Every structure is written in structure tokens, then in C-alpha cells.
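Here the Cβ is made from the backbone with ideal geometry for all residues, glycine too, and neighbour counts use every protein chain on show. Throughout, read-outs are computed from the coordinates displayed, never taken from laboratory work.
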Ligand SMILES: Nc1ncnc2c1ncn2[C@H]1C[C@H](O)[C@@H](COP(=O)(O)O)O1
Ligand SMILES: Nc1ncnc2c1ncn2[C@H]1C[C@H](O)[C@@H](COP(=O)(O)O)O1
Ligand SMILES: Nc1ncnc2c1ncn2[C@H]1C[C@H](O)[C@@H](COP(=O)(O)O)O1
């Protein structure tokens, strides 16, 4: 990739091509790149007991396309989800171009901008995965959903290890990575970048809700050939009757005692809250009794971490007054602030579909006897609040969302367990590589006599250009023998003043709701 | 398959062929097919709080061979289990034939039956697995163990999802499947059906009990090179002594403190009951305090489900007065009713063999400190009642029984854990397909003037014919260097009036006991 | 097609195969055939002034598959309509088989039925179209929607010409057709029939609603270069002002005066009625002032005929209290009678979608001046109630329904106009041929001495068998660049006691609502 100054170095492609069981999304967006940290690396750190962290902020920016709406349009996502029991990324190709480097000159009063033709910009992809991976933390920076929205490239920054739960102080293990210590490609207008990636083979995402329920997978018309204890006494009253060993053949209408082959999957109880302000308990944000303490969390090296997405568990409804972590929440259309007090201002996700295989988040997994029953003792009935893997469990994973993550890098650790990103998406060992970009520094007028001191005065600059990502998605059509019509993502937003999923009168594009994927159905 | 009326369309095969490490069981049985639901599909449903269920009952019947005694004879099962450390299904072939369709005519007083030559019967195999799988729920309907016992084909019926724990009401997800919306093969006498299947590669079943115990896998003659804390004080009395840090080299006779490499597998405590009526606690069947509540159970969408078979855990003995779920119970020889009060009337299974690797069902997994010990505090000793998977665990799975299930379909869910049917058997992703069969409807005399109303009057009919299943089993001979004789399944039923495992004087075949598989032994 | 008695002569096929842009529906149903008109042809006739008719009723039955639900399942129809901007029949193959002829014998008290092996049944297809075509009159007789519903074959009967509007009397033109004067194929059990047809090339059906409206097809941001008269005076008051010739450039916000290139298509005003009983006018059924008179109708040879389906016109809504002819009405799920008084008991169709191109049924086409305006005269503003074709008109045709007609034969007349069946469907010159079937007469015991008199005594008989139709449908996927999600046929029937679009607890299948086809959208 290399030509002249007055020659576009690439074209605008915003395809959409469906077929058999392959769909290829292609999209381009214009971007802007500032001069981060005024050209330098800055060591980050701040002791915040549990929020304690340390690291570094770099002068580099980076492209992030880890959000579904970066590739599919509303209509597409609809297509995709109303006719396919699953999908998955297969291949990706990214390309940056039409680089334009600008140098600003703030006048006596206001700023004036001009084209620095010979100025260069750098790009390079960490395809060896030797740098903290940031594109999968569910953070901002991905491309805009709306094709014609210009966006700012995010600043690259990474965290180191926090030794302790007190100080951000760093050990001899903490490491510093320098992006200049990498081979980068230098570009000027007329040059361009391009790269290709191939997704690892990964399981198709569900994209369907279950019909049958795990506890009702038998023939309602027939007896088991298995027997069990029905009751130890004769009455209808606890601890009172002639006392006997009553065994049953386990036949229809019973079912809750039918011997079964599979159990619901692992769960960890979550605290449930109400959207109606006065049904909660009045826990504060800050303080020694901050919400954190009362919400189910994990503990790493003395530090707390909300069990946020957490294990795949059946959740509350999107409409239900109850909600909780485990439920993804996105900003509403009219919500533009770091804070809100009106539930109706936000968007609530829901894993209600999982109630066919997984346990409910706020409830429990089941119950255990708290001791050994006797003729002179009925044991306490304990609560199975958290339960790990056990032979015979099966479960569904969290759904995927139109404005959700697409993939996440699996942690470089010997051993794990069922690698599905908890925020959702595809867990890859080596995922789409992070592409870094940064404007090259331009020394301003220099001293006329030598100085071993590093340069300070730099011309002020910023760049802009387009970028396009093309991902090949493998999808699988359904083919069920279900007779009755299925549920489907439909418009149904009724009459409206300014069409939904479209810019308003002021020219602002905003996403009305969150869209799932599990509309279609498959049995167990 | 297609010939004449006076020409058998198949022959009777009840082989048995052993060899190297392959055994092929072949068996045929005669069957009868009624006219279920008087030809129509009926929506099922009944709100029973926790036993709540919904679904449909179909006009179709189905062949089920998911029981070991359907294929092996007593003697065979014996052969199989006294010389092989394992086995597994490899291939299957089923064929239906000698179809005979009969039409009944109830006379003024009593019924008279005749042959409807031209009447047809339908068959088809759901080999795309697009229909609720029912053959693995441990229900009745499989073939009779006794070769010369005529059997009735089961009615096909399936359950939908239960949304809630209150109402059987159905949502837009519930689905209705219609078997007529499938390509079925129509037969008349002279026609026949046939099909072949190949089992997925699946782990051989154990078929052996362990010698060594997981906690005793070392050399009893030598010291470890590892050290540990033996005691914190000097006396023989708790909280009393000169208080010191006493470390040991961990040498013979100790063993319970030896550093080991593996832990017992996951477990969930089960309530234990006594067979002697007055040692229990007098819990009722029905009621707000039904046995269910007090027995360890799971909770799906607010509904309860006994943790019946549950996790592989060492169990009580077959003779022990204590028993519990986790133990398979079959009807005794003289037990002919949906209920019983005499333990000795039934047959108790037992996983006593697992006590070499798994934890005991009624007991616990182990113990944990309930807090941090101090010089001014000895923490509560907590009970590890339920424990999921943890790096380093190992365990044995539930045994297989002569009259037990053979396989079960693994649930269509992203992710599970160690897919061994909990009732026992082989967990296949796509198992032997369900073969459906139903008599074709025959309109009785019709109206002489048109009517857009669906037909009601149907000749009364039923069919009968033979069916044969052939399964190729892969088995592995032992080859241990064990010196002393091994345990073996022996007759030993002493003297008797009417030989056991044989019809009585009245001509009734009944199975005396339940037969396991783990008679042979292998170390760890 | 010819084999033995104990050999099925065909199998049961109820496929469904989707792909690129071709879908093949295959379905089979069991049927019953009586002995119509007790074996003879009967001349029909009845003078009913306007309902006057004449013709003949035949001893033959006939297969009719001219209803969409005969081929697609609920789910299919859904598939079909949520992803395709159109479809059309391409090829058809029908086959009858498993013929079973039964002879009844009513005993002293009640009837007894037996198999008459040697009895024959006749079939033949009028593929020369030389017989009144009846399969397209929107009458009963097609196959049941539910695969497992036995149905009665309809009786063939046809009408002749009615000369007059008084008498059913027939002229020398009236003709009598005899089906025995055709080559028919005789069958016995073991024989079978089969035939193939290929649809004529015919326009794909719409299957989409319009975005843009015919009167708003310009750029809302720009002026026309055309001028027009805006007002003849100065005030804001009719007939009052300084009187002038005010011409305008015809620019935005106006639009209703913009010069346009196309006009809405032809229409004929229909009378509108209200579903709320007391908003009508109290017109009687019978009488000299029967509803007919007051409802827009056509007049052929003095006879009246409701302008029922009539011209493609925008209609009322399915929910609107107003309804009218022009709107297809089907029986509700719980409606089982030739009459009803509760609108909510029935199912209302709606062409509301056509309001983007066609005029509204109950309203009018537009307005005309009733004379020539002058400085001393303002003409009556007339109502354009009925308007035929005029250069520049464009229009959409009536939608198609899940339980609607599929095709209709175009009348054998020199000339017509835009041949789209008014009830809806595909207008073919030579459509799927009518397949006739009738049981062959079997003389009962005969006289022992000759008689030139035609036979009377016939054994009583009826037959039954299966039939299957396979139609290859050509469909076209969409490919719009629409951004916002589209409307879609979704379940959404909320919670329910007995799942919809599925048999109830009593085993009765009933269709909940009527399903259209225009869910997707295309502009103009
Ligand atoms: N998103 C995603 N990525 C990878 N694997 C997934 C994912 N979702 C479910 N699984 C399953 C597929 C295999 O059973 C498995 C292997 O983990 P392993 O530790 O590699 O043996 O985890
Ligand atoms: N009956 C049966 N069927 C299948 N697998 C069994 C069974 N019994 C034990 N296992 C083991 C074999 C592999 O370790 C495994 C894979 O589960 P997967 O989720 O496929 O990675 O589970
Ligand atoms: N259903 C159907 N069948 C046939 N033609 C249709 C139909 N619907 C719309 N049209 C149009 C297609 C041509 O413009 C036409 C020819 O009529 P002709 O008199 O043959 O010149 O009518």
C-alpha cells in the first residue's frame, strides 16, 4: 500500500451479503486521532483499597471492533436472529487508509488548521499477543453503530498486578511495555494499512430459547420402573401419623420425584434489588458499608470484585421490578450522564430464557438436609446457595446482544473451566489482534546549540482517516419440525413522531432498546 | 421390504455370539399396537405446583429397547460381567415385520376379531432427533426380558416448558410437534421395516470395583520427604499444654496426614432413611411438609426436583437398614402394585463399591474451619456438605444394572459436565433413534352428502407383529496380575421350589434380584 | 402403478424443504369417498329471482388443494413471509394410493363393514379443461390444514347459464357433461394414480407493504420547476376578496398540488358497516329491500351479484369497528355454524396496506367539478365514486392469506383486464387440473329373467385411501437497504391454557387467526 498525495488510498465499503449459512458484514467509519499524554508514557497508580490499581497510560490509540452493532445493522441483526439457531465469527480483515495529518496553529485569538503532508502516522498489530489485551473489557472505543458517525480513537492504557489490597505500590514483577519497542509501519497520506485474521474454531452461539424444561423431559403418559420413598408416616401432618415406610412406583402427575439423568448447572446466589426506590434497604455507595459489601463478590489477594456478569443463571425479567447484577444494563436513548436515578432511563437485559436449564440468580440452587434425620430429630433444611460443577450438570450460557461484546481473550493460565466470556461472546485463545496507531512526534523549532536533553517542543498535530472491518460469519439455519409459529423480533414500536432506530429531527442516532438473539426455539 | 400376503416378512432371531472382545446380542419379541387417544393429539396440562407440567399426548406408539435385559439373558449378563473390565454399545440394527392388522367388531354381546388385509400401519425413525426424546427417562415400555412375553407398545407423549411453579399455562415458546408432518413408511402385511444405527464412540463402562483406596495409594513402608504441622501444643488435651509448633516428617502409620495428589470427587449430601419404619421422622407424602421438602433437591424456575439418582456417591449397602435416594430401587418379584410398605418386597441397588474414590451419600465430603484460629480462639468446625469440581478430583461413576437403562441423550445445551447419565448408562449426543409406529385410521361408513367436518367414525383396529434388535457390543477382557481369586456373580440361591430366573409353575417369569457389573477388580 | 393386495401402494410424505429461492411443500392426507347421488346424475335447478341457478350434480367426487394451508404449516408460512418479497407456484405432483374399497351391510339392528377386494374405484384428470372448473370458487373441499385429519371428498356439481333473472329454465345452449364419457383409470387395492403439472409463468405475489405513499414520491427539500394556480381571490373567505390570478412555483410544504406522474388505481365505492349492531341502518336479509339492494353490486342479465371481493382497494382495519365487503371474513375458532351475530366470533381480513397506492373502499376515488366555474357561478363539487382504468394509474393487488385460495382459472373469454383473482391468488389460464374420483357401481343380486331396464339394486359401498400433493414454490429473497428493523409475524399470543395453532385438550385443531403475507417492506 503506497501511492500519491492526490490519490485516495482506499474506498468506502459498507456491504451486507447473506447466503446459505455464511454472512459477510463489511463496514467503514471515519476516525480522529489526537496526541495522547502529550507524546509520553505515564505511570498510573492510585491506592484505593480494593479499587487499588497501577499501570501505565500510553501515547498510542487503538481500533476496537468488539461490539456487534459495529458490523450488523438493525435489519441485519433481525435477519440473523429470526432464522438461525446459531452463528460465529470465521474470518476478519481490517484496513486503515486515506490518512490525513493536520497541524494546528492557535492564533492570537482562535485556532487555525493546516495539512502537514510529510507528517507520518504509525500502525502495527500486536499479533503475537505480547501486550495486555484491552479490547475485551466491555469498555468504550469500538466503532459507532451509525455508519455516518465520526469517532475518536481510544487511548491505550493497561494495568499491572496489584500486590496487596492496600497500596498501588508495584513489585519487581510489575512490567512496563513500550510500544516503540515494536516494529511499526510508518504512513503518510497515500500510504495505507491492511491485515487479515482468522477466528479459531469456536462453538456456535445459541440464538434460541429452550422448549422443554430440564425437569420435565419424560413421557407424561408413563410410569418409571424405578421406586422411591414417598413418605415416612401416615398423616398429612408433619411429625404425626402411624409412621411407615411408604414406597411408590413413581408414576405420572408426580414428576418432581421422577429419577432424572441431568441436573441444572452451577450457580452462585446474587442479591436482588427493586427498581421501585423504597423496596430496597438503603445501603450507601461509599463508606464502610458500601453496596459492594452486601452484594455477592469474589476476593482476590484481599481485594473485592463484584460477581458482576457472573455465572450463567436464569435472571429476572426485563420488565420485572426486580433486577440484579447478572443482568446487563445499557444506557437508555435519552440517558447522557455517568449517573441516573430513574430505572426507566436505562436499558435492562434479561436471561429469563435460561430458566429451562439454569438456576435462578436471586433464588438458590436447591436444598440440603443440615444433618441426619432420626426418629427423634428432623434436621434443619439448609440452603444450597452456591454450587460448583457436579457430574451430570448441563446449562445454557448467557445470551449475546446487538450492542454487546463479540469476543474476549481467554486468560493465559494453565487450566480454566468452560471458557465462555461471562459478559458474553466468543472465548478465543488468540482473538482478533489489537491494532495500535499513534501520530508521529514532530519537533518544533530547535535550539541552535546542542543539548543532551530529550525534546519538548513539538508541533501540535492530529490525524484522521477511514477504517473498514470485514468479518465473515458462519451461521446455521434452523430446521425444526415445530408446528406452531415462533416468536420473532418485530418492530411493533407503534406510532411515533420520529422513527425509531433512525436519526431524530436533530440528526442524532440513538438505540431504542437492546436486542437479544434467542427468539427461535429448540427442544432439549 | 415388500412381498405377498401368505409370506412371512421376516424370521425369529434370538442369537447370542461371544468372541474376542465383541459380543452380539440379537432378540425378537411380539408386540401389540392399539389406537391411542382414539386417533387424535391431545394437549396435556395440569397445574400441580412443582409437579406442574404441560405437553401433548400423541396417537403414536414407539419401540424402546433402552434396558439391558432386553438384550442379554441371565447367563449372558453373567458371562459379560465375570470376565470383562468394561463394555459399550457399538452398533444397532432394528427391524419390524410380519405386520398383521386386525379390525374388531363388538357383537350384540361380545367382541369378534377379523383380519383387515388392506389396512396399513405407519413407521418412521426420528433420526434427525427433531422431537422430544423420551426413550431415556427410565420409564416403562422397553421390551420384556423374557423372550416369549408379548408386550404392548407405549404411547408417545412429550412435555413442554413449564414457565413458573404455579400454572401449567403455556407461553409462545411452548411448541407442538405433529408426527404426521414427517415422512412415514406405510405398511401392509407383506411389507416390513428395517434400520441401522452406529453408536458414537463412548467410554467403556467400568464393570469392576477398586482394590486400592484413594487415600491409601502409597508405600506403607516409607517416609515422605515432606513435612507438616502435627500439633500446636504439648498435652493430650485440647487447649492445654506448653504450646509449641510440632512439625513431623510424615512417616508410616500416619497416612491420614500424608501429602496426596488426588482428592475424592464432587458430592452433595443426601438424607438417609431407615427401612425399619420407626427409625425415621414421620414426614407425610402430601402437605406443606411433604417428604420432598426435607430431602435434598434442586430448584428450577421455582419448581422442586428430588436430587434422585444424583451425583456419583458411595452409597449404603443393599442389606443395610439405611437407604436413600442415590440408590436405584426396582420392584420385587412378588411386588405388583404402585405402592408398598415392606422394604423386603422391593429390590435395593447399591454403590457401596464407590467408597474407594467417592464420598458417602448420607455423610459429607469433609470439613472446613469456620473461621481463623487464634491463641484466643478455636473456630467452629464446619461441615462440607456439598462440593463441586476442584482441580485434582477423581471419581467413579454409578454402576450399570441388568435391568437398568443402557443409554441416554445428552441435553442440547452449550456446555455440561462429565456427561454420564445419572440413572446410569452411556451418554450419547445422538443415541439410538426413536422409532414411531401407529395404525392408520380407517373411516367407517360415511355420510352420503358432503361435509367439511373432519371424520369421526372409524373402524376399530389394532395391529400386532414381531420386532428384533441386534446390538454389537465391544467388550474388553481384563488381564490383571491379581493372585487371589476374584468375586463373581454366582447362582447360590440354594434349594428352591420353582427354579429362579425361570418361569414358575403358573408360567410367570419374574426377576429375583438386581445384577450389577462390578464383580471384577482393578487397582487405582 | 400396479402390485398386490398385501402391499402398500405408496408411502406417507409430509416434507418441507427450503433453500436459495425455492421451497417444496409435500403433504399427505387420508380421505373417504361415499356414493354420491346414489350413483346418478341429477339435473339441478331452482328459480330464485337473482339466485336463480341451474345445472347438474354428479356421482363423482374431486380433490381440491386450492388452499395455502393445505401445503404450508404455521411455522412455514411464517418462514415464507418474514424473509421473501414474493413467491409463486412452479410445479405440482399429485398421487392417490392405498385404495381400500369397503362394502357395508346394515344388520337387523346396526351396520357392519367389510372389505370388497375386487371392487374398483375410478380416477381421471380433466387436463384438457373440458368441464366446468370448480376448484377456484373459494368453496370447501380442499384438504385439512392439520396433517392428521381425515377428510371427505367433495361432490362434483356444476352450474349452467341462467337465461333471465326469473326462471331457472334452460335453453338450447345449456349443456350437460357426463364424466363417464371420459377415459378414466380403474383401480383396485394395489393400484394407484399419479400425475404431474407445471404452473404457467405467473407474477410473484407481493408479500410486502409499501413504504413511500404514491402522493409523496418527491424530494421534500426542493421546489418543482412547474407552476400552478393557487387561488382566484384575495381573502381567506370563499367568494370574497379582490379577485386575482395567483400562481405559485409549487414548492415544499405544499405537495398536494405538486404535479405528479402517477394516479391511484381504479375503484368502486363500497358500503361500510359497523360491527357495533346499532350503528347500521336496519336492512333485512330477505324482502324487497334486502341488504343486497343497498350494497354495491353488479348486474348480469338482470341478475344481481354482490361486488364482494371486488377491485383492489385500501380497506378498513382488522380492529376497526367499520368493515365491509372487499374484506375477507373467515370463521373464528369457536364459530361452528352457518350463522353468527357476534363479530368477535369471526375473523376479519384487511387490505389496510393498500392505502399507499389504492383508494379506500368505503370513501371515494376523488372529486370532480359538476359544471364550469364562472365569475357568477361556483359549480357543485361532485363525487368520483367509481372510476375505471386511466393512463398513469398504478395499484397493488389484494393480499394472499394462509387459509386463502392459491389460484383460479382465468375465464375463457376474448379479453379481460389485469387477471388477478379478486378473492386473491394466481390467475392461470390453465391451472392445476381437477382430479375426479368415484367408486364404481356394484350390482346387487339380479333378476333371473332378462330386463331392458337400467340396474337399481347396488351393493352399498365407500372407499378410503391417502393422497399427497407436492408443489414446488419459487420464492424471492428481499435485499433492501432499509436500516430500521422490519415488522414480522410473531407469536405473541401471550400465556395460554392450550397452546395456539395446536390441538386442544379435546384433540381439536383450530386456526386462531388469519395470516397475511405483507409484513416486509419495499418502497415505490
Ligand atoms: N466461547 C467459547 N470458547 C471456547 N470454548 C467454549 C466456549 N464456549 C463453550 N466452550 C466449551 C467448548 C469445549 O467444551 C470447551 C473447552 O475448554 P478447554 O479448556 O479449551 O478444554 O469449552
Ligand atoms: N457416558 C459418557 N458419554 C460421554 N462422555 C462421557 C461419558 N462418561 C464419561 N464421559 C467423559 C468422557 C470425556 O472426559 C467427557 C467429555 O464431555 P464433553 O462435554 O463432550 O467434552 O466426559
Ligand atoms: N395472477 C395473474 N395472472 C396473470 N396475469 C397477472 C396476474 N396478476 C397480474 N397480472 C398481470 C401480468 C400482465 O401485466 C397481465 C396480462 O394480462 P393478459 O390479458 O394475459 O395480457 O396481467
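Can you tell me which residue in the stretch A:228-245 is nearest to residue B:328 (Cα to Cα), limited to those that are crowded, with 19+ Cβ neighbours inside 10 Å and more than 50 Å from the chain's Cα centre (by Cα)?
Here is the first cut: in the stretch A:228-245, the residues crowded, with 19+ Cβ neighbours inside 10 Å are A:228-233, A:243, A:245.
From what's left, more than 50 Å from the chain's Cα centre (by Cα): A:232-233, A:243, A:245.
On the way: A:232: 18, A:233: 22, A:243: 23, A:245: 16 Å.
Among residues in the stretch A:228-245 that are crowded, with 19+ Cβ neighbours inside 10 Å and more than 50 Å from the chain's Cα centre (by Cα), the one nearest to residue B:328 (Cα to Cα) is A:245.
Under 8 Å between Cβ atoms, at least 6 apart or on separate chains: pull out the pairs that start in the stretch A:398-416 with a residue that is more than 21 Å from residue A:86 (Cα to Cα) and end on any residue that is more than 8 Å from ligand 1 (Cβ to nearest atom).
Qualifying pairs under 8 Å: A:415/B:391.
From the set of residues in the stretch B:309-333 that are in contact (Cβ under 8 Å) with a residue 40 or more places away in the chain and under 13 Å from the mean Cα position of the chain (by Cα), which is nearest to residue B:355 (Cα to Cα)?
Within the stretch B:309-333, the subset in contact (Cβ under 8 Å) with a residue 40 or more places away in the chain is B:309-316, B:321-326, B:328, B:330, B:333.
Add one more test, that the residue is under 13 Å from the mean Cα position of the chain (by Cα), and what stays is B:309-310, B:326, B:328, B:330.
Numbers: B:309: 17, B:310: 16, B:326: 14, B:328: 17, B:330: 23 Å.
Top of the filtered list is B:326.
Within the bounds of the stretch A:356-365, is there any residue that is free of Cβ contacts under 8 Å to residues at least 40 places away in the same chain, assigned to a loop (DSSP other than H, G, I, E, B), closer than 30 Å to residue B:50 by Cα and within 14 Å of chain B (Cβ to nearest Cβ)?
The initial filter retains those residues of the stretch A:356-365 that are free of Cβ contacts under 8 Å to residues at least 40 places away in the same chain, namely none.
Scanning the stretch A:356-365, I find no residue that is free of Cβ contacts under 8 Å to residues at least 40 places away in the same chain, assigned to a loop (DSSP other than H, G, I, E, B), closer than 30 Å to residue B:50 by Cα and within 14 Å of chain B (Cβ to nearest Cβ), so the answer is no.
Condition (residue is within 14 Å of the chain's Cα centre (by Cα), under 26 Å from residue A:267 (Cα atoms) and more than 13 Å from ligand 1 (Cβ to nearest atom)) applied to the stretch A:424-436: is it met by at least one residue?
No, the stretch A:424-436 contains no residue that is within 14 Å of the chain's Cα centre (by Cα), under 26 Å from residue A:267 (Cα atoms) and more than 13 Å from ligand 1 (Cβ to nearest atom).
Can you report the number of residues in the stretch B:197-236 which are touching a residue at least 24 places away in the same chain (Cβ under 8 Å) and not in a loop (DSSP other than H, G, I, E, B)?
Residues in the stretch B:197-236 being touching a residue at least 24 places away in the same chain (Cβ under 8 Å) and not in a loop (DSSP other than H, G, I, E, B): 9 in total.
Does residue C:520 fit the bill of being within 9 Å of another protein chain (Cβ to nearest Cβ), buried (at least 17 other Cβ atoms within 10 Å of the Cβ), touching a strand residue (DSSP E or B) at 6+ places or on another chain (Cβ under 6 Å) and under 29 Å from residue C:331 (Cβ atoms)? Lay out the reasoning, then the answer.
Values: within 9 Å of another protein chain (Cβ to nearest Cβ): no; buried (at least 17 other Cβ atoms within 10 Å of the Cβ): yes; touching a strand residue (DSSP E or B) at 6+ places or on another chain (Cβ under 6 Å): yes; under 29 Å from residue C:331 (Cβ atoms): yes.
Spelling it out, it is not the case that residue C:520 is within 9 Å of another protein chain (Cβ to nearest Cβ), buried (at least 17 other Cβ atoms within 10 Å of the Cβ), touching a strand residue (DSSP E or B) at 6+ places or on another chain (Cβ under 6 Å) and under 29 Å from residue C:331 (Cβ atoms).
How about the stretch B:125-156: which of its residues are closer than 26 Å to residue B:500 by Cβ and in contact with a helix residue (DSSP H, G or I) (Cβ under 7 Å, 6 or more places away or on another chain)?
B:142, B:143, B:145
Check the stretch A:281-304 and report whether any residue there is in a loop (DSSP other than H, G, I, E, B) and touching a residue at least 60 places away in the same chain (Cβ under 8 Å).
So in the stretch A:281-304, the residues in a loop (DSSP other than H, G, I, E, B) come out as A:281-290, A:295-296, A:301-302.
Checking the rest, the ones that are also touching a residue at least 60 places away in the same chain (Cβ under 8 Å) come to A:301-302.
Yes, there is a match, as at least one residue in the stretch A:281-304 is in a loop (DSSP other than H, G, I, E, B) and touching a residue at least 60 places away in the same chain (Cβ under 8 Å).
Pick out the one residue from A:367, A:358, A:375 that is surrounded by fewer than 18 Cβ atoms within 10 Å (Cβ to Cβ), more than 14 Å from the chain's Cα centre (by Cα) and either under 30 Å from residue A:184 (Cα atoms) or away from ligand 2 (no atom under 16 Å from the Cβ) (or both). Before the answer, list the steps.
Working: A:367 fails: surrounded by fewer than 18 Cβ atoms within 10 Å (Cβ to Cβ); A:358 fails: surrounded by fewer than 18 Cβ atoms within 10 Å (Cβ to Cβ).
Exactly one of A:367, A:358, A:375 is surrounded by fewer than 18 Cβ atoms within 10 Å (Cβ to Cβ), more than 14 Å from the chain's Cα centre (by Cα) and either under 30 Å from residue A:184 (Cα atoms) or away from ligand 2 (no atom under 16 Å from the Cβ) (or both), namely A:375.
Do the conditions hold for residue B:336, that is, is it over 19 Å from the mean Cα position of the chain (by Cα), more than 8 Å from chain A (Cβ to nearest Cβ) and in a loop (DSSP other than H, G, I, E, B)?
Working: over 19 Å from the mean Cα position of the chain (by Cα): yes; more than 8 Å from chain A (Cβ to nearest Cβ): yes; in a loop (DSSP other than H, G, I, E, B): yes.
Here the answer is yes, as residue B:336 does meet what is asked.
For residues in the stretch B:305-323 being facing another protein chain (nearest Cβ under 7 Å) and part of a strand (DSSP E or B), which is farthest from residue A:362 (Cα to Cα)?
So the residue we want is B:306.
For the stretch B:339-355, which positions are outside any loop (DSSP other than H, G, I, E, B) and under 20 Å from the mean Cα position of the chain (by Cα)? Talk me through it step by step, then tell me what you get.
Going residue by residue through the stretch B:339-355, those that are outside any loop (DSSP other than H, G, I, E, B) are B:339-340, B:343-348, B:352-355.
Once the filter is applied, which keeps residues that are outside any loop (DSSP other than H, G, I, E, B) and under 20 Å from the mean Cα position of the chain (by Cα), the stretch B:339-355 yields B:346, B:347, B:348, B:352, B:353, B:354.
Please specify each residue of the stretch B:1-19 satisfying the condition of being in a loop (DSSP other than H, G, I, E, B) and without any contact (Cβ under 8 Å) to a residue 24 or more places away in the chain.
Across the stretch B:1-19, the qualifying residues are B:6, B:11, B:19.
Where in the stretch B:393-471 are the strands (runs of 3 or more DSSP E), entirely inside, with at least 3 residues that are more than 14 Å from chain C (Cβ to nearest Cβ) and more than 16 Å from ligand 3 (Cβ to nearest atom)? Spell out how you get there, then give the answer.
Details: elements: B:407-409, B:426-428, B:434-439.
Filter on the stretch B:393-471 gives B:407-409, B:426-428.
Tell me, yes or no, whether the stretch B:257-270 has at least one residue that is surrounded by fewer than 19 Cβ atoms within 10 Å (Cβ to Cβ), part of a strand (DSSP E or B) and either away from chain A (no Cβ under 14 Å) or at positive phi (or both).
Taking the stretch B:257-270 as the starting set, the residues that turn out to be surrounded by fewer than 19 Cβ atoms within 10 Å (Cβ to Cβ) are B:257-262.
Of the ones still in play, those that are also part of a strand (DSSP E or B) are none.
For the stretch B:257-270, residues surrounded by fewer than 19 Cβ atoms within 10 Å (Cβ to Cβ), part of a strand (DSSP E or B) and either away from chain A (no Cβ under 14 Å) or at positive phi (or both): absent.
Conditions: (1) in contact with a strand residue (DSSP E or B) (Cβ under 6 Å, 6 or more places away or on another chain); (2) closer than 30 Å to residue A:231 by Cα; (3) crowded, with 20+ Cβ neighbours inside 10 Å. Residue A:353 meets all but one. Number of the miss?
Exception for residue A:353: condition (2).
Evaluate the following for residue A:492: is it within 10 Å of another protein chain (Cβ to nearest Cβ), out of contact with any strand residue (DSSP E or B) (no Cβ under 8 Å at 6 or more places or on another chain) and surrounded by fewer than 22 Cβ atoms within 10 Å (Cβ to Cβ)?
Details: within 10 Å of another protein chain (Cβ to nearest Cβ): yes; out of contact with any strand residue (DSSP E or B) (no Cβ under 8 Å at 6 or more places or on another chain): yes; surrounded by fewer than 22 Cβ atoms within 10 Å (Cβ to Cβ): yes.
So residue A:492 fits the description; yes.
As an exercise: evaluate residue B:246 against (1) within 14 Å of another protein chain (Cβ to nearest Cβ); (2) out of contact with any helix residue (DSSP H, G or I) (no Cβ under 7 Å at 6 or more places or on another chain) and give the number of the one condition it does not meet.
The single condition residue B:246 does not satisfy is (1).
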